[PDB]
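What follows is a single structure, written as structure tokens, with notes after it.
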Amino acid sequence: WXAXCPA
Amino acid sequence: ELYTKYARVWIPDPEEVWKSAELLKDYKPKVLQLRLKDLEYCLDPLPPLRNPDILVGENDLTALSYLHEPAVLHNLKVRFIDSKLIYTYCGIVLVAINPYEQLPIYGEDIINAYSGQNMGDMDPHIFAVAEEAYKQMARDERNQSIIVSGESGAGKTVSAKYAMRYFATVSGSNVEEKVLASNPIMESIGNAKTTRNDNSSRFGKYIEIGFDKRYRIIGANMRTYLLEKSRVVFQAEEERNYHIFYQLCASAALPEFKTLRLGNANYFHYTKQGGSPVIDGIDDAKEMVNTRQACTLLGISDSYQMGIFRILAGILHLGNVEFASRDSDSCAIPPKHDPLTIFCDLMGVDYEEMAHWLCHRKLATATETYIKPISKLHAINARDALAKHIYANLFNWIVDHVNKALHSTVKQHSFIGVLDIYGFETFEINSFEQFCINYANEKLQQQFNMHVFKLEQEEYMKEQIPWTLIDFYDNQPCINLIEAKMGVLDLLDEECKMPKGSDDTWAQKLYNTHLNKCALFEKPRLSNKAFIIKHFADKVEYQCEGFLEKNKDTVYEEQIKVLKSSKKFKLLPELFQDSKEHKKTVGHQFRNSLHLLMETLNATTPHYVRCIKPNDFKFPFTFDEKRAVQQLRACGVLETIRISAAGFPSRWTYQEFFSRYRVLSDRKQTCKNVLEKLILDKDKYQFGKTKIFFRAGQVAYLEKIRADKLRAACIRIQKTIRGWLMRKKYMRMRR
Amino acid sequence: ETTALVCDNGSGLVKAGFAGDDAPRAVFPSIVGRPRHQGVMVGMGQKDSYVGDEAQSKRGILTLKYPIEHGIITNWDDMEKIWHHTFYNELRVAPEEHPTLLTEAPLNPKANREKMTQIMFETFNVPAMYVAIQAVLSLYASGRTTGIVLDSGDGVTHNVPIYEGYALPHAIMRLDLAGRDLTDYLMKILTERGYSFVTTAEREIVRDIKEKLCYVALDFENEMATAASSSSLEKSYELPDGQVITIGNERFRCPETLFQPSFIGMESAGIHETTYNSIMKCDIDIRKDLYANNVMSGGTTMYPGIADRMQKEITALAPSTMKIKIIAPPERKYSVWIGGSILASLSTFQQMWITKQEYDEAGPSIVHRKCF
Amino acid sequence: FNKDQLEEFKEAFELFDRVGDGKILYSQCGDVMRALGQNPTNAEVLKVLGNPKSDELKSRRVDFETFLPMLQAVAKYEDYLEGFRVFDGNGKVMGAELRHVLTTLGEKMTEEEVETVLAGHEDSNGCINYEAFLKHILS
Ligand SMILES: Nc1ncnc2c1ncn2[C@@H]1O[C@H](COP(=O)(O)OP(=O)(O)O)[C@@H](O)[C@H]1O
Ligand SMILES: Nc1ncnc2c1ncn2[C@@H]1O[C@H](COP(=O)(O)OP(=O)(O)O)[C@@H](O)[C@H]1O
Ligand SMILES: [Mg+2]
Ligand SMILES: [Mg+2]
């Protein structure tokens, strides 16, 4: 992703 | 515009459409006084006018001067009842009216009389069309189609029977024997009984007569198109599936069939469904005795015959076979179910293998294969698809074993072909089967109209007249509505895919696309369920109920593979041996078969024979004005006549014109100058080079003003001869 | 005619075929291979990258990256390779000839839409395109119009209640639990029996263990006690080099993590709870239909017994008045693509496409406005 | 009409009086007009007679003085030829066709009158020179 997770 | 005192008119009546009236007063401009019993008549923004006896008899609906439904119907009535005479021409078209009694008019001396003759020279008779075909093939090497059309009573079979008897009897001459022997078979598999009447060829039927390079029959080749598969599975009330199933059922008592355990037609689900187990026409065993004779004579051996009856007994047994359902997604056959076991005993296959593949369908992508349970409804629809696919392959096989017996030893130089197809139709419940019939008819009327417009532009060319305002109605915008993307068939087949689909939701899509966007499509105010199509003949209304169950065909390839495995007899595995076709749905298969038909037709120049039931309840050789108007509108006759009346309908040869009248050198200008004295406007008629071309009224206008001048000469002679002679008589008395 | 391309981006697999096919012709992992070593021999084939089944064949020699993690495309240059390989090599079909249909998870970062579109129009010059929410397609595949769809892939788990053609977007729930993170947990717990998998390529050995051996416990704790009491649940599997490994009560413990994600340390409850809790977000009037129409979709659901466990646990949590029914098509891993085939073949759908002209005017923002 | 004409007409009228009352019948009025050089049609005769009904035409009697205004009113070749050329251009007319049209159309005459006038006028084919017959009947 961009925040709460690695992607 | 004119009415004299005692100028007769046709006026409408509901009971019987047209009645004459004596016009007892000169009309001037809203109520009018007329006698049949005398009643005034009232107008809004006008009665049509009645041809004099000089015209009324005539062979030729174009020659009539007042062109309208009353005049046409009156001629056909007097020509049918009062004159015992069978045929008429309208434009390029012959029109045929069922005499329903067997007549001297068909005979070999008269066949020979018609030979080497051209349609104008001698009376309308079916032979004249076959002559124009033959002579065209002699003139210009194109292959001739002859087209026979109309409601199921009209005798399209017996007309084609004569049209073939003609070619064979002239040619030099064994074709007739085989071709006429074949019809008991092709009707027995291909004819059906309906609420209206009880022989109806649902498939579309084509014979090619092949010819030698010197012209004789080499032989014949049959084809078929548009087979209405759905009647096998599903039937309306008072209606039956193809006769052969009932022939089997009546035979079942006989010892040979005994293995097949065939019961009564009411007992089997497919024959049960129409509620019409027994019929006036035949004890069906008697018909099959002639079906079997025709097979044996046409070279289908008993070994094949018993195979065919084995297959049909299979198809009748399959209907009996009925699923418990475990679960929404699941169907089961009960642990013994008798008809499936008997069906397997007929065709030599494992009970377990059908039982599994009937319930489940296979899916595979190369990594893995999967087997799904499916609902009871998909199990039904797949069983019905299998029954249809089997039937339609048995049919496409029998048509080849007939053709094997039928073909010539040798290559045809060219052929002439004779085609029997059901006409445009209306019923008082209308169903996808009728939407198919009407669609095929409209797509043929497109070719009819094109051939009309072309032959008229030729006839205007070869003798010159200005060529604009040569006109025809165009049906193509309705065809586009049916055929195009988001057309009525296209949404039907789409909703066959869509996850839960129903007649109601299909109609709701039809309304949302067409309802007030497409001029030819309409809704009946009182119903959501139906819709109205503005066909070329008429507006027609179709009930959407049970389209989709008829529309939907797909066959699980496993189920057919199980049959294609069978050892037990040659025929069953043979049929299929010949996928995407299994994907395809009765509407799309009909569309394609209809394209194959119109390609085989358009390669060929037409000739047209149009055939009406004159009668209802089979009373011989009497006539009903109610039926014939419906029939004739359904044949595009009234279209053609309306279109002609607008323009330059009538033709007069100057030679006949002067032989008819001397009432006022060189003949062409003599007749011109006479007509200029008689007529006041060049726009109102035209001069061809052999012909003269009159606008519709002008022939009757001339006939009346001529008859009036002749009457004035009559009265002057009668007066002067009475003056001289009756005076002489009383003076001789004076002596 | 022209018949649409239908192409599905998972995280673990790519599936593609033509509309109206019964099942995709190409399936291969969306995995990109790079060497780790010096090339020894001059004259060898010197390849700069491998894609999919090539990278499967050579995985020992290679680094296996995934372009997609949690349904998000993480590096667009290798994604371009994935698509290019799909169209030219697997399908043998130029994209300029055919429109394409592309598949996405429902809450993924909005930019993923623009970029995925831009690559189709600029790079491949596709005639036209559309993008579909997986759960919607699962309903087309199963053949119904009211469903709560649960789907779980390599990348994402989500729920989308759909009532009679209407999706109900506020209900939507998503968990990042997936076939990949069951795999990493499978490595961690396999370590306890002494079998230790470090490299990228080893993960796929683990994943084959997981696919073959695993199953879902119907009572987790009673089977734990049984397997501690008795060996019979233990089962054994062969490493690529031929060493056997033998695996016990632990083989179910990975499927259990979906129900008890506290093992890995998630906040969010197991999929059973989120399923019920998503039904609770809906109106009461619909709920009777959704309790029957539970649809499972995507390959993670394939664990034997996941249906019976789900039904059992949700029944206890449901209001007793309502029956619970669960529907699990045996191919359901494909079902997202089967649905995208049905939907792409419909005539009514045709006007839905984003056409090249329309994109060219609108700019890739158009995807948000038209497509959803 | 002058006195001489009135005298000739009165004498002729009295020749037609078959009852002695100095009167003729309405039905004789036309005959007297034709005998006196007029060629009125039956319609014209009935019009000057007032379109009488059968009963008064056959039995109502009028004297010369009342008849005279009607004769006056009635009094106040190429068409005949074209009319005969209707029934022909070699100058002949079928006897059957002339008989049929004269006895069945228009103001139908009797077969005996036509036979009488046609006697000696038809040739061996049964054809009548109509130009000669017309000149004969108009004299
Ligand atoms: N021209 C005709 N001469 C004799 N009988 C005729 C003629 N036209 C029709 N019929 C009668 O009507 C039927 C015509 O053939 P049929 O096959 O029943 O009609 P269709 O070919 O329209 O289905 C037969 O019963 C036949 O006796
Ligand atoms: N038979 C099986 N049993 C258990 N898990 C499986 C099976 N087949 C595939 N999987 C798992 O499914 C996941 C891939 O699911 P998939 O639907 O292909 O994801 P996506 O299509 O979104 O990439 C992988 O974790 C794989 O290990
Ligand atoms: Mg017939
Ligand atoms: Mg998925």
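Here chain C follows Swiss-Prot, giving residues 6-377 in order.
When the header is checked for method, it gives electron microscopy, 3.7 Å.
Positions of Cβ are set from backbone N, Cα and C atoms, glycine also.
Going by Swiss-Prot, these are the annotated features:
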- C:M46: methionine (R)-sulfoxide (MOD_RES)
- C:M49: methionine (R)-sulfoxide (MOD_RES)
- C:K63: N6-malonyllysine (MOD_RES)
- C:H75: tele-methylhistidine (MOD_RES)
- C:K86: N6-methyllysine (MOD_RES)
- C:112-125: region 'Interaction with alpha-actinin' (REGION)
- C:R179: ADP-ribosylarginine (MOD_RES)
- C:360-372: region 'Interaction with alpha-actinin' (REGION)
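Where Swiss-Prot records a feature, it is marked here on the structure.
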{"residue": "C:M46", "record": "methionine (R)-sulfoxide", "contacts (Cβ under 8 Å, 6+ apart)": "none"}
{"residue": "C:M49", "record": "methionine (R)-sulfoxide", "contacts (Cβ under 8 Å, 6+ apart)": "none"}
{"residue": "C:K63", "record": "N6-malonyllysine", "contacts (Cβ under 8 Å, 6+ apart)": "C:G38, C:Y55"}
{"residue": "C:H75", "record": "tele-methylhistidine", "contacts (Cβ under 8 Å, 6+ apart)": "C:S16, C:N113, C:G160, C:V161, C:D181, C:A183"}
{"residue": "C:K86", "record": "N6-methyllysine", "contacts (Cβ under 8 Å, 6+ apart)": "C:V37, C:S54, C:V56"}
{"residue": "C:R179", "record": "ADP-ribosylarginine", "contacts (Cβ under 8 Å, 6+ apart)": "C:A110, C:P111, C:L112, C:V161, C:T162, C:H163, C:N164"}
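Helix first, then strand, then coil: DSSP counts for the region 'Interaction with alpha-actinin' (C:360-372) stand at 9 helix, 1 strand, 3 coil. Mapped onto DSSP helix, strand and coil, the region 'Interaction with alpha-actinin' (C:112-125) counts 10 helix, 0 strand, 4 coil. Among the modified residues listed (C:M46, C:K86, C:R179), none has a CB atom closer than 6 Å to any atom of ligand 1. For the recorded site, C:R179 (ADP-ribosylarginine), the DSSP three-state label reads strand. Reduced to three states, the DSSP call for the residue listed as 'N6-methyllysine' is helix. In the three-state DSSP reading, C:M49 (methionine (R)-sulfoxide) counts as coil. Annotation note: C:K63 (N6-malonyllysine) sits in a coil segment as assigned by DSSP.
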